[PDB]
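*Asks:* generate coordinates for the sequence data below:
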Amino acid sequence: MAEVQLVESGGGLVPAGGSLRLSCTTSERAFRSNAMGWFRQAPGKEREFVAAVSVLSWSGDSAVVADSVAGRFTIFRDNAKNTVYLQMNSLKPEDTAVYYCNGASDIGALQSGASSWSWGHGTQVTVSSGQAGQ
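*Replies:* Numbering: from 1, shown residues only. Here you go:
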């Protein structure tokens, strides 16, 4: 593991069914030349893969998400901002965790739980039971 710039934000507290968008920004060469991914670690549980984007090809990338978040979370780059976003719609209580960004030389490594950089501080996501009815 090596210390690479990682800025992580977007966490917060929302009721089940709410949404948040996470942001991971890194330096430009790291952003372009590595696959980048989001992981999460819930209280009492092992850190696990959430979603990833591949190394940039000449004019594109590809994306994968964990089965448990399919249809709810969308991962994407904003190439202009060196940022990997995780749009989290329709959050569930079991999505509560600290979310962490990392990188690896290819997307299959991230999918297996592997990564290459020192971890940042992450961003805390708490999905509560619900909210008042009106």
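*Asks:* could you look up the SS state of residue 24?
*Replies:* For residue 24, the assignment made with DSSP: H, G, I helix; E, B strand; the rest coil gives strand.
*Asks:* that one: neighbour count?
*Replies:* As a burial measure, residue 24 scores 28 neighbours (other Cβ atoms under 10 Å). Where C-beta positions appear, they are placed from N, C-alpha and C, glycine not excepted.
*Asks:* what of residue 4?
*Replies:* Neighbour number of residue 4 under other Cβ under 10 Å is 17.
*Asks:* run through the bridge partners of the nearest residue to it once chain neighbours are set aside.
*Replies:* Spatially, and ignoring its direct neighbours in sequence, residue 4 is nearest to residue 117 (4.3 Å; Cβ to Cβ, 6 or more residues apart in numbering). In this structure, residue 117 bridges to residue 2 when assessed by DSSP bridges.
*Asks:* same deal with residue 24?
*Replies:* Assigned bridge partners for residue 24, using DSSP bridges, are residue 8, residue 84.
*Asks:* so it makes contact with residue 103?
*Replies:* No: using Cβ atoms under 8 Å, residue 24 makes no contact with residue 103, being 9.3 Å away.
*Asks:* now do the shared contacts for these two.
*Replies:* residue 36 (Cβ atoms under 8 Å, 6 or more residues apart in numbering).
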